[PDB]
Amino acid sequence: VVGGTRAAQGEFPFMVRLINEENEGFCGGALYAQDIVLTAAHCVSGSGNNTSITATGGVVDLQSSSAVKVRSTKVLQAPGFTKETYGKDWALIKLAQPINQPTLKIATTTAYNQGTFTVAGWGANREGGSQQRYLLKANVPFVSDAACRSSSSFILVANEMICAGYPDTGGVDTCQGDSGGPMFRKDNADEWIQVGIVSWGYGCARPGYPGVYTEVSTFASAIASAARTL
Ligand SMILES: [Ca+2]
């Protein structure tokens, strides 16, 4: 996360750090269920039995001896996924045991696809920077699909992608190692709800280039339905 600050212990307790040992990937994710992690499709190489991914939960400090590290058993990657710029950027990871933390509810309508979001992760705080020890967080405003394209010239799958950040100035964004983490905000009951998954962009926090996130509301019923088979 670029332009952010340290999250407090317990602030976003649904956050997990993913290490895909097989392909050397470092990613974020959210506890969709205590034993099912919602992350990006591009964080995994496909669907099936997979015991190569590790989820670290419970802690903002990844070197903490309170950390809970649990291994995957199974991955379900969005059907038809090919690359994150073409959409469908979601996957579920079934864990061998639950991580005993609050879960993050996901948006199932577009009602919350606006306003000011929060993102969090342990990715770099600058382009080419290294990974973070402590979870970082930042607020990024919704950028309309139209405002996103005009500065960017990004080609969006509009219903599958939500943009966020400060295209006029840059300065705040998710970055390498944040992929798969949730983008979220408060709902009407003052509870956290997930509207995005950190998906892609062009560098990090560059003027003209907002971050692009998987638009969760579009995929919520396919996600819920896939999680039930897990
Ligand atoms: Ca959109």
# chains A, B, ... in the order shown; residues from 1 in each chain; ligands from 1
call {"tool": "residues_around", "arguments": {"residues": "residue A:49", "least_positions_apart": "4", "cutoff": "8 Å", "atoms": "only C-alpha atoms", "output": "PyMOL selection string"}}
result
chain A and resi 73-75
call {"tool": "write_last_selection", "arguments": {"atoms": "N, CA and C atoms", "output": "compact mmCIF listing (two decimals), in the first residue's frame"}}
result
# COMPACT_ATOMS: atom_id res chain seq x y z
N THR A 73 -6.23 -26.54 1.38
CA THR A 73 -6.51 -27.88 0.87
C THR A 73 -7.06 -27.86 -0.54
N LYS A 74 -7.65 -26.74 -0.92
CA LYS A 74 -8.36 -26.70 -2.18
C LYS A 74 -8.50 -25.26 -2.68
N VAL A 75 -8.44 -25.08 -4.00
CA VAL A 75 -8.60 -23.76 -4.60
C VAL A 75 -9.69 -23.80 -5.63
call {"tool": "residues_near_ligand", "arguments": {"ligand": "ligand 1", "cutoff": "12 Å", "atoms": "only C-alpha atoms and all ligand atoms", "output": "ChimeraX atom specification"}}
result
/A:87,110,112-114,142-149,155-164,195-196,212-218
call {"tool": "write_last_selection", "arguments": {"atoms": "N, CA, C and O atoms", "output": "tab-separated table (two decimals), in the first residue's frame"}}
result
chain	number	residue	atom	x	y	z
A	87	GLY	N	-11.04	-9.55	-16.66
A	87	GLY	CA	-12.15	-9.70	-15.72
A	87	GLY	C	-12.10	-11.03	-14.98
A	87	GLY	O	-11.06	-11.71	-14.99
A	110	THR	N	-25.22	-3.36	-5.88
A	110	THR	CA	-24.30	-2.28	-6.19
A	110	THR	C	-24.47	-1.11	-5.21
A	110	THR	O	-23.80	-0.08	-5.34
A	112	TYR	N	-23.34	-0.24	-2.48
A	112	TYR	CA	-22.15	0.31	-1.80
A	112	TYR	C	-20.96	0.54	-2.73
A	112	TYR	O	-19.83	0.80	-2.28
A	113	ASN	N	-21.21	0.45	-4.04
A	113	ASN	CA	-20.17	0.65	-5.04
A	113	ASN	C	-19.90	2.14	-5.31
A	113	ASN	O	-19.85	2.54	-6.47
A	114	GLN	N	-19.70	2.92	-4.25
A	114	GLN	CA	-19.50	4.39	-4.30
A	114	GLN	C	-18.92	4.85	-2.97
A	114	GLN	O	-18.90	4.09	-2.01
A	142	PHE	N	-13.91	5.96	-4.64
A	142	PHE	CA	-14.48	5.47	-5.90
A	142	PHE	C	-14.16	6.42	-7.04
A	142	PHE	O	-14.31	7.66	-6.89
A	143	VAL	N	-13.71	5.83	-8.14
A	143	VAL	CA	-13.52	6.53	-9.42
A	143	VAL	C	-14.48	5.85	-10.43
A	143	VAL	O	-14.40	4.62	-10.62
A	144	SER	N	-15.39	6.61	-11.04
A	144	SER	CA	-16.33	6.01	-12.02
A	144	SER	C	-15.57	5.36	-13.15
A	144	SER	O	-14.44	5.77	-13.48
A	145	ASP	N	-16.20	4.35	-13.75
A	145	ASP	CA	-15.65	3.68	-14.91
A	145	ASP	C	-15.22	4.69	-15.97
A	145	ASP	O	-14.12	4.59	-16.55
A	146	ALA	N	-16.06	5.70	-16.19
A	146	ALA	CA	-15.76	6.76	-17.19
A	146	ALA	C	-14.57	7.64	-16.81
A	146	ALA	O	-13.69	7.87	-17.62
A	147	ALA	N	-14.53	8.11	-15.56
A	147	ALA	CA	-13.40	8.91	-15.08
A	147	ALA	C	-12.12	8.08	-15.07
A	147	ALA	O	-11.04	8.59	-15.32
A	148	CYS	N	-12.25	6.78	-14.77
A	148	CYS	CA	-11.11	5.87	-14.79
A	148	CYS	C	-10.52	5.79	-16.21
A	148	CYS	O	-9.34	6.01	-16.38
A	149	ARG	N	-11.34	5.49	-17.22
A	149	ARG	CA	-10.84	5.41	-18.62
A	149	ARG	C	-10.21	6.71	-19.14
A	149	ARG	O	-9.19	6.68	-19.82
A	155	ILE	N	-8.78	-0.23	-20.66
A	155	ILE	CA	-9.98	-0.85	-21.19
A	155	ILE	C	-10.58	-1.66	-20.06
A	155	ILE	O	-9.92	-2.55	-19.56
A	156	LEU	N	-11.79	-1.32	-19.61
A	156	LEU	CA	-12.43	-1.98	-18.49
A	156	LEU	C	-13.49	-2.98	-18.96
A	156	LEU	O	-14.13	-2.75	-19.96
A	157	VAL	N	-13.65	-4.10	-18.24
A	157	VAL	CA	-14.89	-4.88	-18.33
A	157	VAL	C	-15.79	-4.22	-17.26
A	157	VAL	O	-15.71	-4.52	-16.07
A	158	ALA	N	-16.61	-3.24	-17.67
A	158	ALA	CA	-17.16	-2.22	-16.71
A	158	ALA	C	-17.90	-2.81	-15.48
A	158	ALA	O	-17.68	-2.32	-14.34
A	159	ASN	N	-18.75	-3.83	-15.70
A	159	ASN	CA	-19.46	-4.47	-14.60
A	159	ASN	C	-18.61	-5.42	-13.75
A	159	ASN	O	-19.11	-5.94	-12.75
A	160	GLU	N	-17.37	-5.66	-14.16
A	160	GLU	CA	-16.51	-6.61	-13.47
A	160	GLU	C	-15.36	-5.94	-12.71
A	160	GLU	O	-14.60	-6.61	-11.99
A	161	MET	N	-15.25	-4.61	-12.88
A	161	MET	CA	-14.11	-3.84	-12.35
A	161	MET	C	-14.58	-2.53	-11.77
A	161	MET	O	-15.46	-1.86	-12.35
A	162	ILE	N	-14.02	-2.17	-10.62
A	162	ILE	CA	-14.34	-0.90	-9.96
A	162	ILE	C	-13.00	-0.24	-9.77
A	162	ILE	O	-12.07	-0.88	-9.32
A	163	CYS	N	-12.92	1.06	-10.04
A	163	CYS	CA	-11.66	1.78	-9.93
A	163	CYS	C	-11.67	2.62	-8.66
A	163	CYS	O	-12.73	3.08	-8.22
A	164	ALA	N	-10.50	2.85	-8.07
A	164	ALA	CA	-10.42	3.69	-6.87
A	164	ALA	C	-9.03	4.27	-6.73
A	164	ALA	O	-8.01	3.62	-7.06
A	195	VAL	N	-16.40	-4.59	-1.29
A	195	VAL	CA	-16.86	-4.22	-2.64
A	195	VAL	C	-15.83	-4.57	-3.73
A	195	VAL	O	-16.17	-4.61	-4.90
A	196	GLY	N	-14.57	-4.79	-3.33
A	196	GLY	CA	-13.52	-5.02	-4.32
A	196	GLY	C	-12.52	-6.07	-3.89
A	196	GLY	O	-12.40	-6.39	-2.70
A	212	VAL	N	-7.33	-0.77	-10.04
A	212	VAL	CA	-8.53	-1.45	-10.54
A	212	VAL	C	-8.78	-2.67	-9.63
A	212	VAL	O	-7.83	-3.40	-9.25
A	213	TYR	N	-10.05	-2.87	-9.29
A	213	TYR	CA	-10.43	-3.87	-8.30
A	213	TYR	C	-11.51	-4.76	-8.91
A	213	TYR	O	-12.31	-4.28	-9.69
A	214	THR	N	-11.54	-6.03	-8.56
A	214	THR	CA	-12.63	-6.90	-8.96
A	214	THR	C	-13.95	-6.37	-8.35
A	214	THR	O	-14.02	-6.10	-7.14
A	215	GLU	N	-14.98	-6.22	-9.18
A	215	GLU	CA	-16.26	-5.68	-8.69
A	215	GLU	C	-17.05	-6.83	-8.03
A	215	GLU	O	-17.72	-7.61	-8.70
A	216	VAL	N	-16.95	-6.93	-6.71
A	216	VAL	CA	-17.42	-8.12	-5.98
A	216	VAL	C	-18.92	-8.36	-6.16
A	216	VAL	O	-19.35	-9.51	-6.32
A	217	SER	N	-19.71	-7.29	-6.14
A	217	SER	CA	-21.17	-7.43	-6.23
A	217	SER	C	-21.59	-8.24	-7.46
A	217	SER	O	-22.57	-8.99	-7.43
A	218	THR	N	-20.83	-8.13	-8.54
A	218	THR	CA	-21.18	-8.85	-9.76
A	218	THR	C	-20.97	-10.35	-9.61
A	218	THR	O	-21.66	-11.17	-10.24
call {"tool": "select_by_dssp", "arguments": {"residues": "stretch 38-230 of chain A", "states": "strand (DSSP E or B)", "output": "VMD selection string"}}
result
chain A and resid 38 to 39 48 to 49 53 to 57 61 68 to 77 91 to 95 105 to 106 116 to 121 134 136 to 143 161 to 164 173 182 to 186 192 to 200 211 to 215
call {"tool": "closest_atom_pairs", "arguments": {"of": "stretch 71-144 of chain A", "to": "stretch 20-43 of chain A", "cutoff": "8 Å", "atoms": "only C-alpha atoms", "output": "Markdown table"}}
result
| residue | atom | partner | partner_atom | distance |
| --- | --- | --- | --- | --- |
| A:77 | CA | A:41 | CA | 5.4 |
| A:78 | CA | A:41 | CA | 6.4 |
| A:81 | CA | A:41 | CA | 7.1 |
| A:83 | CA | A:42 | CA | 6.9 |
| A:84 | CA | A:42 | CA | 6.3 |
| A:88 | CA | A:41 | CA | 7.4 |
| A:89 | CA | A:41 | CA | 4.7 |
| A:90 | CA | A:40 | CA | 4.2 |
| A:91 | CA | A:41 | CA | 4.6 |
| A:92 | CA | A:38 | CA | 4.8 |
| A:93 | CA | A:37 | CA | 4.9 |
| A:94 | CA | A:36 | CA | 4.6 |
| A:95 | CA | A:35 | CA | 5.0 |
| A:96 | CA | A:35 | CA | 7.3 |
| A:97 | CA | A:35 | CA | 6.0 |
| A:98 | CA | A:35 | CA | 4.1 |
| A:99 | CA | A:34 | CA | 5.2 |
| A:100 | CA | A:34 | CA | 6.2 |
| A:101 | CA | A:34 | CA | 6.6 |
| A:102 | CA | A:34 | CA | 7.3 |
| A:103 | CA | A:31 | CA | 4.8 |
| A:104 | CA | A:32 | CA | 5.6 |
| A:105 | CA | A:32 | CA | 6.7 |
| A:106 | CA | A:32 | CA | 7.7 |
| A:121 | CA | A:28 | CA | 6.2 |
| A:122 | CA | A:28 | CA | 7.5 |
| A:123 | CA | A:27 | CA | 7.7 |
call {"tool": "write_last_selection", "arguments": {"atoms": "N, CA and C atoms", "output": "PDB file, in the first residue's frame"}}
result
ATOM      1  N   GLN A  77     -10.817 -21.258  -8.567  1.00  0.00           N
ATOM      2  CA  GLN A  77     -10.537 -20.042  -9.321  1.00  0.00           C
ATOM      3  C   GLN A  77     -11.758 -19.770 -10.213  1.00  0.00           C
ATOM      4  N   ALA A  78     -12.199 -18.509 -10.314  1.00  0.00           N
ATOM      5  CA  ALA A  78     -13.309 -18.141 -11.209  1.00  0.00           C
ATOM      6  C   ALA A  78     -13.275 -18.908 -12.547  1.00  0.00           C
ATOM      7  N   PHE A  81     -11.647 -17.687 -16.074  1.00  0.00           N
ATOM      8  CA  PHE A  81     -10.572 -16.714 -15.851  1.00  0.00           C
ATOM      9  C   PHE A  81      -9.394 -16.969 -16.813  1.00  0.00           C
ATOM     10  N   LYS A  83      -6.952 -13.766 -17.665  1.00  0.00           N
ATOM     11  CA  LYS A  83      -6.081 -12.762 -17.036  1.00  0.00           C
ATOM     12  C   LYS A  83      -6.881 -11.642 -16.394  1.00  0.00           C
ATOM     13  N   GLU A  84      -6.302 -11.007 -15.382  1.00  0.00           N
ATOM     14  CA  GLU A  84      -7.087 -10.089 -14.585  1.00  0.00           C
ATOM     15  C   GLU A  84      -7.603  -8.869 -15.363  1.00  0.00           C
ATOM     16  N   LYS A  88     -13.201 -11.368 -14.311  1.00  0.00           N
ATOM     17  CA  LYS A  88     -13.336 -12.610 -13.523  1.00  0.00           C
ATOM     18  C   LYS A  88     -12.223 -12.809 -12.487  1.00  0.00           C
ATOM     19  N   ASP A  89     -11.722 -11.726 -11.889  1.00  0.00           N
ATOM     20  CA  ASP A  89     -10.552 -11.864 -11.024  1.00  0.00           C
ATOM     21  C   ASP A  89     -10.897 -12.195  -9.562  1.00  0.00           C
ATOM     22  N   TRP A  90     -11.386 -13.416  -9.332  1.00  0.00           N
ATOM     23  CA  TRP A  90     -11.653 -13.891  -7.972  1.00  0.00           C
ATOM     24  C   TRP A  90     -11.317 -15.378  -7.844  1.00  0.00           C
ATOM     25  N   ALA A  91     -10.974 -15.807  -6.625  1.00  0.00           N
ATOM     26  CA  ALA A  91     -10.747 -17.208  -6.319  1.00  0.00           C
ATOM     27  C   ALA A  91     -11.061 -17.429  -4.839  1.00  0.00           C
ATOM     28  N   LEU A  92     -11.455 -18.653  -4.511  1.00  0.00           N
ATOM     29  CA  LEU A  92     -11.605 -19.110  -3.120  1.00  0.00           C
ATOM     30  C   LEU A  92     -10.532 -20.116  -2.730  1.00  0.00           C
ATOM     31  N   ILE A  93     -10.001 -19.989  -1.515  1.00  0.00           N
ATOM     32  CA  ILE A  93      -9.055 -20.980  -0.991  1.00  0.00           C
ATOM     33  C   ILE A  93      -9.664 -21.641   0.273  1.00  0.00           C
ATOM     34  N   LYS A  94      -9.892 -22.943   0.205  1.00  0.00           N
ATOM     35  CA  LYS A  94     -10.335 -23.697   1.400  1.00  0.00           C
ATOM     36  C   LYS A  94      -9.098 -24.004   2.249  1.00  0.00           C
ATOM     37  N   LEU A  95      -9.178 -23.653   3.533  1.00  0.00           N
ATOM     38  CA  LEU A  95      -8.102 -23.908   4.479  1.00  0.00           C
ATOM     39  C   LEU A  95      -8.324 -25.226   5.248  1.00  0.00           C
ATOM     40  N   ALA A  96      -7.228 -25.888   5.648  1.00  0.00           N
ATOM     41  CA  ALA A  96      -7.294 -27.146   6.424  1.00  0.00           C
ATOM     42  C   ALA A  96      -7.981 -26.993   7.782  1.00  0.00           C
ATOM     43  N   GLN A  97      -7.885 -25.806   8.379  1.00  0.00           N
ATOM     44  CA  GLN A  97      -8.509 -25.489   9.666  1.00  0.00           C
ATOM     45  C   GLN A  97      -8.948 -24.024   9.624  1.00  0.00           C
ATOM     46  N   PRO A  98      -9.955 -23.660  10.448  1.00  0.00           N
ATOM     47  CA  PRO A  98     -10.411 -22.290  10.410  1.00  0.00           C
ATOM     48  C   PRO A  98      -9.418 -21.364  11.053  1.00  0.00           C
ATOM     49  N   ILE A  99      -9.425 -20.116  10.607  1.00  0.00           N
ATOM     50  CA  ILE A  99      -8.675 -19.104  11.297  1.00  0.00           C
ATOM     51  C   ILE A  99      -9.740 -18.419  12.148  1.00  0.00           C
ATOM     52  N   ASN A 100      -9.506 -18.372  13.452  1.00  0.00           N
ATOM     53  CA  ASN A 100     -10.576 -18.056  14.405  1.00  0.00           C
ATOM     54  C   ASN A 100     -10.755 -16.570  14.695  1.00  0.00           C
ATOM     55  N   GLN A 101     -11.162 -15.812  13.348  1.00  0.00           N
ATOM     56  CA  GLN A 101     -11.210 -14.351  13.363  1.00  0.00           C
ATOM     57  C   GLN A 101     -12.531 -13.975  12.731  1.00  0.00           C
ATOM     58  N   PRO A 102     -12.976 -12.721  12.905  1.00  0.00           N
ATOM     59  CA  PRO A 102     -14.178 -12.315  12.202  1.00  0.00           C
ATOM     60  C   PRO A 102     -14.009 -12.464  10.684  1.00  0.00           C
ATOM     61  N   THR A 103     -15.120 -12.724   9.999  1.00  0.00           N
ATOM     62  CA  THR A 103     -15.135 -12.801   8.560  1.00  0.00           C
ATOM     63  C   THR A 103     -15.507 -11.416   7.997  1.00  0.00           C
ATOM     64  N   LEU A 104     -15.420 -11.279   6.675  1.00  0.00           N
ATOM     65  CA  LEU A 104     -15.795 -10.039   5.991  1.00  0.00           C
ATOM     66  C   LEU A 104     -16.959 -10.371   5.073  1.00  0.00           C
ATOM     67  N   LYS A 105     -18.083  -9.699   5.293  1.00  0.00           N
ATOM     68  CA  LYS A 105     -19.250  -9.921   4.460  1.00  0.00           C
ATOM     69  C   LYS A 105     -18.999  -9.272   3.086  1.00  0.00           C
ATOM     70  N   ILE A 106     -19.495  -9.877   2.019  1.00  0.00           N
ATOM     71  CA  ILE A 106     -19.313  -9.288   0.679  1.00  0.00           C
ATOM     72  C   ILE A 106     -20.626  -8.673   0.170  1.00  0.00           C
ATOM     73  N   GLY A 121      -3.043  -4.000   3.174  1.00  0.00           N
ATOM     74  CA  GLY A 121      -2.187  -5.101   2.754  1.00  0.00           C
ATOM     75  C   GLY A 121      -0.771  -4.984   3.243  1.00  0.00           C
ATOM     76  N   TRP A 122       0.022  -5.987   2.913  1.00  0.00           N
ATOM     77  CA  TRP A 122       1.408  -5.987   3.320  1.00  0.00           C
ATOM     78  C   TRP A 122       2.302  -5.821   2.088  1.00  0.00           C
ATOM     79  N   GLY A 123       1.730  -5.372   0.964  1.00  0.00           N
ATOM     80  CA  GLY A 123       2.534  -5.158  -0.248  1.00  0.00           C
ATOM     81  C   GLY A 123       3.450  -3.956  -0.122  1.00  0.00           C
TER      82      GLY A 123
END
call {"tool": "closest_residue", "arguments": {"among": "A:125, A:118, A:229, A:139", "to": "residue A:197", "atoms": "only C-alpha atoms"}}
result
A:118
call {"tool": "atom_distance", "arguments": {"atom1": "atom CA of residue A:199", "atom2": "atom CA of residue A:175"}}
result
9.9 Å
call {"tool": "residues_around", "arguments": {"residues": "residue A:170", "least_positions_apart": "6", "cutoff": "9 Å", "atoms": "only C-alpha atoms", "output": "list in words"}}
result
residues 204, 205, 206, 207, 208, 209 and 210 of chain A
call {"tool": "write_last_selection", "arguments": {"atoms": "N, CA, C and O atoms", "output": "PDB file, in the first residue's frame"}}
result
ATOM      1  N   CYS A 204       2.018   2.034  -9.351  1.00  0.00           N
ATOM      2  CA  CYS A 204       1.267   2.205  -8.123  1.00  0.00           C
ATOM      3  C   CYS A 204       1.231   3.692  -7.831  1.00  0.00           C
ATOM      4  O   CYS A 204       2.258   4.327  -7.855  1.00  0.00           O
ATOM      5  N   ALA A 205       0.044   4.238  -7.586  1.00  0.00           N
ATOM      6  CA  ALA A 205      -0.115   5.620  -7.070  1.00  0.00           C
ATOM      7  C   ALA A 205       0.346   6.697  -8.075  1.00  0.00           C
ATOM      8  O   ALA A 205       0.637   7.847  -7.704  1.00  0.00           O
ATOM      9  N   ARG A 206       0.415   6.307  -9.340  1.00  0.00           N
ATOM     10  CA  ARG A 206       0.769   7.243 -10.401  1.00  0.00           C
ATOM     11  C   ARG A 206      -0.406   8.157 -10.698  1.00  0.00           C
ATOM     12  O   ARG A 206      -1.563   7.710 -10.748  1.00  0.00           O
ATOM     13  N   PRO A 207      -0.116   9.443 -10.939  1.00  0.00           N
ATOM     14  CA  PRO A 207      -1.197  10.340 -11.427  1.00  0.00           C
ATOM     15  C   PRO A 207      -1.817   9.774 -12.714  1.00  0.00           C
ATOM     16  O   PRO A 207      -1.113   9.196 -13.544  1.00  0.00           O
ATOM     17  N   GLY A 208      -3.127   9.903 -12.860  1.00  0.00           N
ATOM     18  CA  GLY A 208      -3.823   9.401 -14.064  1.00  0.00           C
ATOM     19  C   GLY A 208      -4.231   7.928 -14.028  1.00  0.00           C
ATOM     20  O   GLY A 208      -5.016   7.502 -14.858  1.00  0.00           O
ATOM     21  N   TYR A 209      -3.682   7.154 -13.081  1.00  0.00           N
ATOM     22  CA  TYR A 209      -3.877   5.711 -13.061  1.00  0.00           C
ATOM     23  C   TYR A 209      -4.437   5.190 -11.722  1.00  0.00           C
ATOM     24  O   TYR A 209      -3.669   4.798 -10.851  1.00  0.00           O
ATOM     25  N   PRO A 210      -5.774   5.157 -11.574  1.00  0.00           N
ATOM     26  CA  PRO A 210      -6.362   4.609 -10.337  1.00  0.00           C
ATOM     27  C   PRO A 210      -6.068   3.101 -10.248  1.00  0.00           C
ATOM     28  O   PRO A 210      -5.687   2.486 -11.251  1.00  0.00           O
TER      29      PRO A 210
END
call {"tool": "residues_around", "arguments": {"residues": "residue A:221", "least_positions_apart": "6", "cutoff": "12 Å", "atoms": "only C-alpha atoms", "output": "JSON, numbers by chain"}}
result
{"A": [78, 106, 107, 108, 109, 227, 228]}
call {"tool": "write_last_selection", "arguments": {"atoms": "N, CA, C and O atoms", "output": "short mmCIF file (atom, residue, chain, number, x, y, z; two decimals), in the first residue's frame"}}
result
data_model
loop_
_atom_site.label_atom_id
_atom_site.label_comp_id
_atom_site.auth_asym_id
_atom_site.auth_seq_id
_atom_site.Cartn_x
_atom_site.Cartn_y
_atom_site.Cartn_z
N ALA A 78 -12.20 -18.51 -10.31
CA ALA A 78 -13.31 -18.14 -11.21
C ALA A 78 -13.28 -18.91 -12.55
O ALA A 78 -12.26 -18.89 -13.25
N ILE A 106 -19.50 -9.88 2.02
CA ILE A 106 -19.31 -9.29 0.68
C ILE A 106 -20.63 -8.67 0.17
O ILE A 106 -21.72 -9.15 0.52
N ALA A 107 -20.51 -7.61 -0.63
CA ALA A 107 -21.65 -6.95 -1.25
C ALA A 107 -22.30 -7.85 -2.27
O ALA A 107 -21.62 -8.49 -3.07
N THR A 108 -23.63 -7.93 -2.25
CA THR A 108 -24.34 -8.85 -3.12
C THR A 108 -25.18 -8.01 -4.05
O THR A 108 -25.81 -8.52 -4.98
N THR A 109 -25.33 -6.42 -3.98
CA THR A 109 -25.94 -5.40 -4.81
C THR A 109 -24.90 -4.32 -5.02
O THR A 109 -23.85 -4.31 -4.37
N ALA A 227 -18.43 -21.38 -2.86
CA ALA A 227 -18.01 -21.63 -1.49
C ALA A 227 -18.78 -22.79 -0.85
O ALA A 227 -18.26 -23.47 0.00
N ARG A 228 -20.02 -22.99 -1.28
CA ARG A 228 -20.86 -24.07 -0.78
C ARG A 228 -20.37 -25.45 -1.20
O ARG A 228 -20.65 -26.42 -0.53
#
call {"tool": "atom_distance", "arguments": {"atom1": "atom CA of residue A:183", "atom2": "atom CA of residue A:136"}}
result
12.8 Å
call {"tool": "residues_around", "arguments": {"residues": "residue A:120", "least_positions_apart": "2", "cutoff": "7 Å", "atoms": "only C-alpha atoms", "output": "list in words"}}
result
residues 1, 118, 135, 136, 137, 138 and 181 of chain A
call {"tool": "select_by_dssp", "arguments": {"residues": "stretch 74-187 of chain A", "states": "helix (DSSP H, G or I)", "output": "NGL selection string"}}
result
:A and (84-86 or 145-152 or 158-160)
call {"tool": "closest_residue", "arguments": {"among": "A:168, A:61, A:11, A:173", "to": "residue A:151", "atoms": "only C-alpha atoms"}}
result
A:168
call {"tool": "closest_residue", "arguments": {"among": "A:167, A:85, A:177, A:3", "to": "residue A:130", "atoms": "only C-alpha atoms"}}
result
A:177
call {"tool": "decode", "arguments": {"residues": "stretch 147-158 of chain A", "atoms": "N, CA and C atoms", "output": "PDB file, in the first residue's frame"}}
result
ATOM      1  N   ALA A 147     -14.531   8.112 -15.564  1.00  0.00           N
ATOM      2  CA  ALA A 147     -13.396   8.906 -15.085  1.00  0.00           C
ATOM      3  C   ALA A 147     -12.123   8.077 -15.069  1.00  0.00           C
ATOM      4  N   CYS A 148     -12.251   6.783 -14.766  1.00  0.00           N
ATOM      5  CA  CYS A 148     -11.110   5.869 -14.786  1.00  0.00           C
ATOM      6  C   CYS A 148     -10.521   5.786 -16.206  1.00  0.00           C
ATOM      7  N   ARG A 149     -11.339   5.493 -17.219  1.00  0.00           N
ATOM      8  CA  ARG A 149     -10.845   5.411 -18.618  1.00  0.00           C
ATOM      9  C   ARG A 149     -10.213   6.710 -19.140  1.00  0.00           C
ATOM     10  N   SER A 150     -10.841   7.846 -18.849  1.00  0.00           N
ATOM     11  CA  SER A 150     -10.448   9.076 -19.532  1.00  0.00           C
ATOM     12  C   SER A 150      -8.992   9.471 -19.275  1.00  0.00           C
ATOM     13  N   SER A 151      -8.533   9.384 -18.029  1.00  0.00           N
ATOM     14  CA  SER A 151      -7.111   9.684 -17.740  1.00  0.00           C
ATOM     15  C   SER A 151      -6.171   8.518 -18.094  1.00  0.00           C
ATOM     16  N   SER A 152      -6.679   7.324 -17.838  1.00  0.00           N
ATOM     17  CA  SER A 152      -5.993   6.050 -17.945  1.00  0.00           C
ATOM     18  C   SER A 152      -5.784   5.500 -19.349  1.00  0.00           C
ATOM     19  N   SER A 153      -6.857   5.625 -20.126  1.00  0.00           N
ATOM     20  CA  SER A 153      -7.075   4.837 -21.323  1.00  0.00           C
ATOM     21  C   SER A 153      -7.043   3.299 -21.065  1.00  0.00           C
ATOM     22  N   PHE A 154      -7.301   2.900 -19.802  1.00  0.00           N
ATOM     23  CA  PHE A 154      -7.584   1.512 -19.457  1.00  0.00           C
ATOM     24  C   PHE A 154      -8.795   1.032 -20.263  1.00  0.00           C
ATOM     25  N   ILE A 155      -8.776  -0.228 -20.660  1.00  0.00           N
ATOM     26  CA  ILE A 155      -9.984  -0.849 -21.192  1.00  0.00           C
ATOM     27  C   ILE A 155     -10.578  -1.663 -20.055  1.00  0.00           C
ATOM     28  N   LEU A 156     -11.788  -1.317 -19.613  1.00  0.00           N
ATOM     29  CA  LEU A 156     -12.433  -1.981 -18.494  1.00  0.00           C
ATOM     30  C   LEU A 156     -13.487  -2.977 -18.956  1.00  0.00           C
ATOM     31  N   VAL A 157     -13.645  -4.095 -18.241  1.00  0.00           N
ATOM     32  CA  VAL A 157     -14.894  -4.878 -18.327  1.00  0.00           C
ATOM     33  C   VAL A 157     -15.795  -4.216 -17.259  1.00  0.00           C
ATOM     34  N   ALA A 158     -16.609  -3.240 -17.673  1.00  0.00           N
ATOM     35  CA  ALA A 158     -17.156  -2.221 -16.708  1.00  0.00           C
ATOM     36  C   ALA A 158     -17.902  -2.808 -15.483  1.00  0.00           C
TER      37      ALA A 158
END
